[PDB]
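S.K.: Provided herewith: my_file_16.pdb, PDB, C-alpha atoms (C1' of nucleotides).
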ATOM      1  CA  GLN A  17       2.208 -31.843  17.995
ATOM      2  CA  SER A  18       0.004 -32.096  21.086
ATOM      3  CA  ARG A  19       0.870 -34.295  24.065
ATOM      4  CA  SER A  20      -1.981 -36.686  23.192
ATOM      5  CA  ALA A  21      -0.218 -37.626  19.933
ATOM      6  CA  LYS A  22       3.450 -36.646  20.359
ATOM      7  CA  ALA A  23       4.382 -40.245  21.194
ATOM      8  CA  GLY A  24       2.400 -41.679  18.267
ATOM      9  CA  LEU A  25      -0.198 -43.418  20.438
ATOM     10  CA  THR A  26      -3.979 -43.835  20.598
ATOM     11  CA  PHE A  27      -5.262 -43.057  24.101
ATOM     12  CA  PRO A  28      -5.297 -39.404  25.225
ATOM     13  CA  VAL A  29      -2.736 -38.140  27.723
ATOM     14  CA  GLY A  30      -4.490 -34.914  28.692
ATOM     15  CA  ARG A  31      -7.593 -36.867  29.729
ATOM     16  CA  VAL A  32      -5.814 -39.073  32.276
ATOM     17  CA  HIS A  33      -3.677 -36.101  33.364
ATOM     18  CA  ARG A  34      -6.848 -34.103  34.039
ATOM     19  CA  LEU A  35      -8.298 -37.095  35.888
ATOM     20  CA  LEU A  36      -5.256 -37.379  38.165
ATOM     21  CA  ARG A  37      -4.870 -33.597  38.532
ATOM     22  CA  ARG A  38      -8.336 -33.249  40.072
ATOM     23  CA  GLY A  39      -8.485 -36.785  41.482
ATOM     24  CA  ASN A  40      -6.019 -35.765  44.242
ATOM     25  CA  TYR A  41      -3.541 -38.621  43.944
ATOM     26  CA  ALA A  42      -0.315 -36.785  44.878
ATOM     27  CA  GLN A  43       1.242 -33.372  45.410
ATOM     28  CA  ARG A  44       3.161 -33.353  42.109
ATOM     29  CA  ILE A  45       3.256 -35.445  38.934
ATOM     30  CA  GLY A  46       6.118 -36.598  36.747
ATOM     31  CA  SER A  47       5.957 -36.114  33.000
ATOM     32  CA  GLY A  48       6.486 -39.799  32.191
ATOM     33  CA  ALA A  49       3.630 -41.085  34.350
ATOM     34  CA  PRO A  50       0.607 -39.993  32.199
ATOM     35  CA  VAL A  51       2.179 -41.327  28.994
ATOM     36  CA  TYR A  52       3.128 -44.483  30.916
ATOM     37  CA  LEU A  53      -0.530 -44.878  31.938
ATOM     38  CA  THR A  54      -1.394 -44.207  28.281
ATOM     39  CA  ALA A  55       0.916 -47.017  27.121
ATOM     40  CA  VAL A  56      -0.227 -49.539  29.748
ATOM     41  CA  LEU A  57      -3.956 -49.022  29.190
ATOM     42  CA  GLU A  58      -3.609 -48.946  25.393
ATOM     43  CA  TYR A  59      -1.630 -52.203  25.460
ATOM     44  CA  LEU A  60      -4.256 -53.844  27.679
ATOM     45  CA  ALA A  61      -6.977 -52.518  25.361
ATOM     46  CA  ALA A  62      -5.146 -53.761  22.251
ATOM     47  CA  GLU A  63      -4.587 -57.217  23.765
ATOM     48  CA  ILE A  64      -8.217 -57.648  24.801
ATOM     49  CA  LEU A  65      -9.319 -56.244  21.426
ATOM     50  CA  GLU A  66      -7.152 -58.758  19.552
ATOM     51  CA  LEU A  67      -8.652 -61.508  21.711
ATOM     52  CA  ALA A  68     -12.128 -60.075  21.031
ATOM     53  CA  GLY A  69     -11.456 -60.169  17.294
TER      54      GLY A  69
ATOM     55  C1'  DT B   1      10.798 -99.115 126.035
ATOM     56  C1'  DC B   2      13.449 -94.237 126.172
ATOM     57  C1'  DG B   3      16.357 -91.209 123.331
ATOM     58  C1'  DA B   4      19.598 -89.135 119.548
ATOM     59  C1'  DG B   5      20.156 -88.854 114.792
ATOM     60  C1'  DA B   6      19.017 -89.070 109.511
ATOM     61  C1'  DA B   7      15.092 -88.117 105.664
ATOM     62  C1'  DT B   8      11.270 -85.725 104.068
ATOM     63  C1'  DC B   9       6.798 -82.375 103.828
ATOM     64  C1'  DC B  10       5.731 -78.119 104.264
ATOM     65  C1'  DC B  11       6.716 -73.276 105.136
ATOM     66  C1'  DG B  12       9.699 -69.213 104.513
ATOM     67  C1'  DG B  13      13.652 -66.472 101.855
ATOM     68  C1'  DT B  14      15.724 -64.810  97.556
ATOM     69  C1'  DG B  15      17.373 -64.133  92.497
ATOM     70  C1'  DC B  16      15.358 -62.053  88.216
ATOM     71  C1'  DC B  17      13.813 -60.206  84.079
ATOM     72  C1'  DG B  18       9.586 -58.027  82.364
ATOM     73  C1'  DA B  19       5.823 -54.358  83.600
ATOM     74  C1'  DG B  20       5.570 -49.603  85.399
ATOM     75  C1'  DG B  21       7.176 -44.910  86.187
ATOM     76  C1'  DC B  22      10.133 -40.868  85.116
ATOM     77  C1'  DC B  23      13.443 -36.414  83.473
ATOM     78  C1'  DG B  24      14.795 -34.037  79.303
ATOM     79  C1'  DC B  25      13.145 -32.439  75.430
ATOM     80  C1'  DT B  26      11.766 -30.523  70.525
ATOM     81  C1'  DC B  27       9.576 -30.639  66.291
ATOM     82  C1'  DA B  28       4.351 -30.617  66.093
ATOM     83  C1'  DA B  29      -0.861 -28.681  68.245
ATOM     84  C1'  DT B  30      -3.473 -24.139  69.116
ATOM     85  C1'  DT B  31      -5.235 -19.850  67.651
ATOM     86  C1'  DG B  32      -5.618 -16.177  64.449
ATOM     87  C1'  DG B  33      -7.060 -12.384  60.408
ATOM     88  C1'  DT B  34      -8.006 -13.238  56.027
ATOM     89  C1'  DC B  35      -9.525 -15.008  51.340
ATOM     90  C1'  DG B  36     -10.456 -17.376  47.174
ATOM     91  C1'  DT B  37     -13.936 -20.896  46.780
ATOM     92  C1'  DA B  38     -17.318 -24.938  47.885
ATOM     93  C1'  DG B  39     -22.003 -25.268  48.349
ATOM     94  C1'  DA B  40     -27.070 -25.030  49.651
ATOM     95  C1'  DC B  41     -31.688 -23.329  48.044
ATOM     96  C1'  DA B  42     -35.056 -22.466  44.089
ATOM     97  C1'  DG B  43     -37.834 -21.732  39.504
ATOM     98  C1'  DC B  44     -38.877 -24.955  35.743
ATOM     99  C1'  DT B  45     -38.990 -28.654  32.909
ATOM    100  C1'  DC B  46     -38.478 -32.919  31.594
ATOM    101  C1'  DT B  47     -38.358 -37.347  31.965
ATOM    102  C1'  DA B  48     -38.595 -42.059  33.920
ATOM    103  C1'  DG B  49     -41.500 -45.306  36.800
ATOM    104  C1'  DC B  50     -46.671 -46.998  37.703
ATOM    105  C1'  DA B  51     -51.456 -48.542  36.879
ATOM    106  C1'  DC B  52     -55.033 -50.422  33.739
ATOM    107  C1'  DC B  53     -55.602 -53.589  30.874
ATOM    108  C1'  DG B  54     -55.954 -54.879  24.888
ATOM    109  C1'  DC B  55     -54.498 -58.978  23.526
ATOM    110  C1'  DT B  56     -52.499 -63.039  23.485
ATOM    111  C1'  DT B  57     -49.667 -67.058  25.522
ATOM    112  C1'  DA B  58     -46.006 -70.121  26.878
ATOM    113  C1'  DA B  59     -45.349 -72.121  31.440
ATOM    114  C1'  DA B  60     -45.911 -73.868  36.116
ATOM    115  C1'  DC B  61     -48.921 -77.219  39.290
ATOM    116  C1'  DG B  62     -49.447 -81.521  40.078
ATOM    117  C1'  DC B  63     -50.148 -86.353  39.283
ATOM    118  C1'  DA B  64     -48.473 -90.784  37.121
ATOM    119  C1'  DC B  65     -44.495 -94.823  35.020
ATOM    120  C1'  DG B  66     -39.818 -96.350  36.405
ATOM    121  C1'  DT B  67     -35.489 -96.965  37.229
ATOM    122  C1'  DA B  68     -30.680 -94.670  39.101
ATOM    123  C1'  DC B  69     -28.707 -94.451  42.712
ATOM    124  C1'  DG B  70     -28.147 -92.626  48.273
ATOM    125  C1'  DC B  71     -27.911 -94.938  52.338
ATOM    126  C1'  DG B  72     -26.737 -98.965  54.795
ATOM    127  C1'  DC B  73     -24.692-103.585  55.316
ATOM    128  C1'  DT B  74     -20.953-107.070  54.211
ATOM    129  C1'  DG B  75     -16.730-108.474  52.900
ATOM    130  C1'  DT B  76     -12.013-107.160  51.356
ATOM    131  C1'  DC B  77      -7.321-105.376  51.536
ATOM    132  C1'  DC B  78      -3.540-102.566  52.606
ATOM    133  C1'  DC B  79      -1.112 -98.294  54.383
ATOM    134  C1'  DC B  80      -0.108 -95.190  57.615
ATOM    135  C1'  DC B  81       0.844 -95.549  62.698
ATOM    136  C1'  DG B  82       2.652 -96.667  67.184
ATOM    137  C1'  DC B  83       6.663 -97.878  68.534
ATOM    138  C1'  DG B  84      11.597 -98.940  68.658
ATOM    139  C1'  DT B  85      16.003 -97.589  67.023
ATOM    140  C1'  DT B  86      19.571 -95.008  64.626
ATOM    141  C1'  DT B  87      21.060 -90.666  62.769
ATOM    142  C1'  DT B  88      21.299 -85.713  62.150
ATOM    143  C1'  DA B  89      21.143 -81.036  61.930
ATOM    144  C1'  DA B  90      18.830 -76.874  64.919
ATOM    145  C1'  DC B  91      19.735 -73.916  68.591
ATOM    146  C1'  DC B  92      22.667 -71.757  71.097
ATOM    147  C1'  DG B  93      27.035 -69.249  71.996
ATOM    148  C1'  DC B  94      30.571 -67.041  69.995
ATOM    149  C1'  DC B  95      34.290 -64.746  66.552
ATOM    150  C1'  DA B  96      34.520 -61.605  62.528
ATOM    151  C1'  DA B  97      33.910 -58.488  58.222
ATOM    152  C1'  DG B  98      31.550 -55.456  56.389
ATOM    153  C1'  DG B  99      27.659 -53.427  53.866
ATOM    154  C1'  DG B 100      23.511 -51.289  53.023
ATOM    155  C1'  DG B 101      20.068 -48.221  56.164
ATOM    156  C1'  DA B 102      19.638 -44.043  58.067
ATOM    157  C1'  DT B 103      20.348 -39.109  58.274
ATOM    158  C1'  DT B 104      22.013 -34.246  56.189
ATOM    159  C1'  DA B 105      20.932 -30.955  51.645
ATOM    160  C1'  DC B 106      21.928 -28.386  47.046
ATOM    161  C1'  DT B 107      21.850 -27.159  42.534
ATOM    162  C1'  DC B 108      18.893 -28.403  39.270
ATOM    163  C1'  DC B 109      15.057 -29.628  37.463
ATOM    164  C1'  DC B 110      10.438 -30.256  37.118
ATOM    165  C1'  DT B 111       5.914 -28.380  38.735
ATOM    166  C1'  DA B 112       1.933 -24.803  40.479
ATOM    167  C1'  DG B 113       0.299 -20.701  38.652
ATOM    168  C1'  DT B 114      -0.265 -17.640  34.827
ATOM    169  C1'  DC B 115      -2.387 -16.248  30.267
ATOM    170  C1'  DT B 116      -2.870 -17.350  25.199
ATOM    171  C1'  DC B 117      -4.072 -19.787  21.075
ATOM    172  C1'  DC B 118      -5.752 -23.948  19.009
ATOM    173  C1'  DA B 119      -7.612 -28.690  17.746
ATOM    174  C1'  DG B 120     -10.635 -32.517  20.031
ATOM    175  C1'  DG B 121     -15.949 -34.555  20.428
ATOM    176  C1'  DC B 122     -20.382 -35.821  21.081
ATOM    177  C1'  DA B 123     -24.539 -33.759  19.022
ATOM    178  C1'  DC B 124     -27.448 -32.064  14.293
TER     179       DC B 124
END
Can you turn what I pasted into structure tokens?
M.R.:
Amino acid sequence: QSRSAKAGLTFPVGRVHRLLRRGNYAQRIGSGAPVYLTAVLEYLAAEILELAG
DNA sequence: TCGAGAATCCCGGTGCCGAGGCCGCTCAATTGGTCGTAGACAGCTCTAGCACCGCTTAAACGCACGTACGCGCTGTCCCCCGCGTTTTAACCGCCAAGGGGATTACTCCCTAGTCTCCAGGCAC
């Protein structure tokens, strides 16, 4: 399974990893940080979508 | 009244702790040949704003009832405030234990680079 769906989530991981890789935010990057961004933004999106419903 | 002696005003001397300067120094500032890579210009199109107005069209300008309330005055009424008095803990100095902050670095572990194969993703 790809990294965008290995954790069973909704938001893509490769998209935010490509955004930080060329956005020049650090020298290196840990493996847990893009999926952590994935989890935080998908939880914020799900909460505001439940409130929108 | 003279004069000597004690008190005080003003002038001169001296601690004193913060601003200024300094020797030693030691990991950064300079320059360099190179090298993959940003980037600036240009044909060419294509596409979004602008003007005129065809045709309607609600909406603002401005004046007229009228009464709600902003500003000012008058009376009320009371609650912080100056002040006195009693209490109290803050600041300072000091004795004491010790505990995380700082500095050194190594295997290991996670990433830049690499190529290779595949499943996402807005357009038809």
S.K.: Please indicate the distance in Å from atom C1' of residue B:112 to atom CA of residue A:43, rounded to one decimal place.
M.R.: 9.9 Å
S.K.: Using all atoms listed in the file, find the residues of chain B whose closest atom to chain A is at most 10 Å away, then write them as a PyMOL selection string.
M.R.: chain B and resi 110-112+119
S.K.: What is the distance between atom CA of residue A:53 and atom CA of residue A:22, in Å to one decimal?
M.R.: 14.8 Å
S.K.: Would you work out the distance separating atom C1' of residue B:37 from atom CA of residue A:29, expressed in Å to one decimal?
M.R.: 28.0 Å
S.K.: Write out as a ChimeraX atom specification the residues lying within 12 Å of residue A:51, counting all atoms listed in the file and excluding same-chain residues fewer than 2 positions away.
M.R.: /A:19-33,45-49,53-58
S.K.: Only C-alpha atoms, please: the residues just picked out, written as a PDB file, keeping the file's coordinate frame.
M.R.:
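Output file result-v6.pdb follows:
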ATOM      1  CA  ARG A  19       0.870 -34.295  24.065  1.00  0.00           C
ATOM      2  CA  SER A  20      -1.981 -36.686  23.192  1.00  0.00           C
ATOM      3  CA  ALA A  21      -0.218 -37.626  19.933  1.00  0.00           C
ATOM      4  CA  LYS A  22       3.450 -36.646  20.359  1.00  0.00           C
ATOM      5  CA  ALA A  23       4.382 -40.245  21.194  1.00  0.00           C
ATOM      6  CA  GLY A  24       2.400 -41.679  18.267  1.00  0.00           C
ATOM      7  CA  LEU A  25      -0.198 -43.418  20.438  1.00  0.00           C
ATOM      8  CA  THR A  26      -3.979 -43.835  20.598  1.00  0.00           C
ATOM      9  CA  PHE A  27      -5.262 -43.057  24.101  1.00  0.00           C
ATOM     10  CA  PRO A  28      -5.297 -39.404  25.225  1.00  0.00           C
ATOM     11  CA  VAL A  29      -2.736 -38.140  27.723  1.00  0.00           C
ATOM     12  CA  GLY A  30      -4.490 -34.914  28.692  1.00  0.00           C
ATOM     13  CA  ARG A  31      -7.593 -36.867  29.729  1.00  0.00           C
ATOM     14  CA  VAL A  32      -5.814 -39.073  32.276  1.00  0.00           C
ATOM     15  CA  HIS A  33      -3.677 -36.101  33.364  1.00  0.00           C
ATOM     16  CA  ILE A  45       3.256 -35.445  38.934  1.00  0.00           C
ATOM     17  CA  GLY A  46       6.118 -36.598  36.747  1.00  0.00           C
ATOM     18  CA  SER A  47       5.957 -36.114  33.000  1.00  0.00           C
ATOM     19  CA  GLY A  48       6.486 -39.799  32.191  1.00  0.00           C
ATOM     20  CA  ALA A  49       3.630 -41.085  34.350  1.00  0.00           C
ATOM     21  CA  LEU A  53      -0.530 -44.878  31.938  1.00  0.00           C
ATOM     22  CA  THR A  54      -1.394 -44.207  28.281  1.00  0.00           C
ATOM     23  CA  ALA A  55       0.916 -47.017  27.121  1.00  0.00           C
ATOM     24  CA  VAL A  56      -0.227 -49.539  29.748  1.00  0.00           C
ATOM     25  CA  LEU A  57      -3.956 -49.022  29.190  1.00  0.00           C
ATOM     26  CA  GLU A  58      -3.609 -48.946  25.393  1.00  0.00           C
TER      27      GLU A  58
END
S.K.: Taking the partial coordinates given, rebuild stretch 42-61 of chain A to contain N, CA, C and O atoms; return it as a PDB file, keeping the file's coordinate frame.
M.R.:
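Output file selection-v7.pdb is given in full below:
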ATOM      1  N   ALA A  42      -1.620 -37.146  44.337  1.00  0.00           N
ATOM      2  CA  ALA A  42      -0.315 -36.785  44.878  1.00  0.00           C
ATOM      3  C   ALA A  42      -0.232 -35.267  44.999  1.00  0.00           C
ATOM      4  O   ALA A  42      -1.184 -34.543  44.699  1.00  0.00           O
ATOM      5  N   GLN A  43       0.936 -34.796  45.439  1.00  0.00           N
ATOM      6  CA  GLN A  43       1.242 -33.372  45.410  1.00  0.00           C
ATOM      7  C   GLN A  43       1.673 -32.935  44.016  1.00  0.00           C
ATOM      8  O   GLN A  43       1.143 -31.961  43.468  1.00  0.00           O
ATOM      9  N   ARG A  44       2.630 -33.646  43.431  1.00  0.00           N
ATOM     10  CA  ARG A  44       3.161 -33.353  42.109  1.00  0.00           C
ATOM     11  C   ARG A  44       2.874 -34.520  41.167  1.00  0.00           C
ATOM     12  O   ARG A  44       2.199 -35.488  41.520  1.00  0.00           O
ATOM     13  N   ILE A  45       3.400 -34.409  39.951  1.00  0.00           N
ATOM     14  CA  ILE A  45       3.256 -35.445  38.934  1.00  0.00           C
ATOM     15  C   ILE A  45       4.458 -35.382  37.997  1.00  0.00           C
ATOM     16  O   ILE A  45       4.850 -34.303  37.548  1.00  0.00           O
ATOM     17  N   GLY A  46       5.071 -36.536  37.741  1.00  0.00           N
ATOM     18  CA  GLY A  46       6.118 -36.598  36.747  1.00  0.00           C
ATOM     19  C   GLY A  46       5.561 -36.608  35.338  1.00  0.00           C
ATOM     20  O   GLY A  46       4.409 -36.964  35.101  1.00  0.00           O
ATOM     21  N   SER A  47       6.401 -36.201  34.387  1.00  0.00           N
ATOM     22  CA  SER A  47       5.957 -36.114  33.000  1.00  0.00           C
ATOM     23  C   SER A  47       5.796 -37.481  32.349  1.00  0.00           C
ATOM     24  O   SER A  47       4.957 -37.631  31.454  1.00  0.00           O
ATOM     25  N   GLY A  48       6.566 -38.478  32.780  1.00  0.00           N
ATOM     26  CA  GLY A  48       6.486 -39.799  32.191  1.00  0.00           C
ATOM     27  C   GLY A  48       5.344 -40.659  32.673  1.00  0.00           C
ATOM     28  O   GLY A  48       5.009 -41.655  32.022  1.00  0.00           O
ATOM     29  N   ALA A  49       4.731 -40.305  33.793  1.00  0.00           N
ATOM     30  CA  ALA A  49       3.630 -41.085  34.350  1.00  0.00           C
ATOM     31  C   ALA A  49       2.323 -41.043  33.542  1.00  0.00           C
ATOM     32  O   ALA A  49       1.708 -42.107  33.395  1.00  0.00           O
ATOM     33  N   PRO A  50       1.837 -39.899  33.009  1.00  0.00           N
ATOM     34  CA  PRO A  50       0.607 -39.993  32.199  1.00  0.00           C
ATOM     35  C   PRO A  50       0.794 -40.719  30.876  1.00  0.00           C
ATOM     36  O   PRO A  50      -0.097 -41.470  30.465  1.00  0.00           O
ATOM     37  N   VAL A  51       1.940 -40.553  30.209  1.00  0.00           N
ATOM     38  CA  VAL A  51       2.179 -41.327  28.994  1.00  0.00           C
ATOM     39  C   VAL A  51       2.466 -42.790  29.311  1.00  0.00           C
ATOM     40  O   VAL A  51       2.185 -43.666  28.483  1.00  0.00           O
ATOM     41  N   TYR A  52       2.970 -43.090  30.512  1.00  0.00           N
ATOM     42  CA  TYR A  52       3.128 -44.483  30.916  1.00  0.00           C
ATOM     43  C   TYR A  52       1.772 -45.140  31.164  1.00  0.00           C
ATOM     44  O   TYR A  52       1.559 -46.297  30.770  1.00  0.00           O
ATOM     45  N   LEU A  53       0.855 -44.419  31.825  1.00  0.00           N
ATOM     46  CA  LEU A  53      -0.530 -44.878  31.938  1.00  0.00           C
ATOM     47  C   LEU A  53      -1.171 -45.058  30.571  1.00  0.00           C
ATOM     48  O   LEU A  53      -1.896 -46.035  30.348  1.00  0.00           O
ATOM     49  N   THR A  54      -0.911 -44.118  29.657  1.00  0.00           N
ATOM     50  CA  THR A  54      -1.394 -44.207  28.281  1.00  0.00           C
ATOM     51  C   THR A  54      -0.936 -45.496  27.613  1.00  0.00           C
ATOM     52  O   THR A  54      -1.754 -46.237  27.054  1.00  0.00           O
ATOM     53  N   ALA A  55       0.357 -45.815  27.738  1.00  0.00           N
ATOM     54  CA  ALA A  55       0.916 -47.017  27.121  1.00  0.00           C
ATOM     55  C   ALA A  55       0.353 -48.291  27.738  1.00  0.00           C
ATOM     56  O   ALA A  55       0.012 -49.233  27.013  1.00  0.00           O
ATOM     57  N   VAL A  56       0.229 -48.328  29.069  1.00  0.00           N
ATOM     58  CA  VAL A  56      -0.227 -49.539  29.748  1.00  0.00           C
ATOM     59  C   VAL A  56      -1.691 -49.824  29.420  1.00  0.00           C
ATOM     60  O   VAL A  56      -2.053 -50.954  29.053  1.00  0.00           O
ATOM     61  N   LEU A  57      -2.548 -48.798  29.501  1.00  0.00           N
ATOM     62  CA  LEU A  57      -3.956 -49.022  29.190  1.00  0.00           C
ATOM     63  C   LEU A  57      -4.194 -49.256  27.702  1.00  0.00           C
ATOM     64  O   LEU A  57      -5.085 -50.039  27.352  1.00  0.00           O
ATOM     65  N   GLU A  58      -3.396 -48.654  26.808  1.00  0.00           N
ATOM     66  CA  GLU A  58      -3.609 -48.946  25.393  1.00  0.00           C
ATOM     67  C   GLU A  58      -3.097 -50.335  25.030  1.00  0.00           C
ATOM     68  O   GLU A  58      -3.664 -50.975  24.143  1.00  0.00           O
ATOM     69  N   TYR A  59      -2.078 -50.842  25.736  1.00  0.00           N
ATOM     70  CA  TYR A  59      -1.630 -52.203  25.460  1.00  0.00           C
ATOM     71  C   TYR A  59      -2.630 -53.224  25.983  1.00  0.00           C
ATOM     72  O   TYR A  59      -2.883 -54.240  25.321  1.00  0.00           O
ATOM     73  N   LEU A  60      -3.208 -52.966  27.161  1.00  0.00           N
ATOM     74  CA  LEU A  60      -4.256 -53.844  27.679  1.00  0.00           C
ATOM     75  C   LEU A  60      -5.483 -53.827  26.774  1.00  0.00           C
ATOM     76  O   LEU A  60      -6.067 -54.883  26.488  1.00  0.00           O
ATOM     77  N   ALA A  61      -5.853 -52.642  26.280  1.00  0.00           N
ATOM     78  CA  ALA A  61      -6.977 -52.518  25.361  1.00  0.00           C
ATOM     79  C   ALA A  61      -6.704 -53.225  24.038  1.00  0.00           C
ATOM     80  O   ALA A  61      -7.590 -53.896  23.504  1.00  0.00           O
TER      81      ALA A  61
END
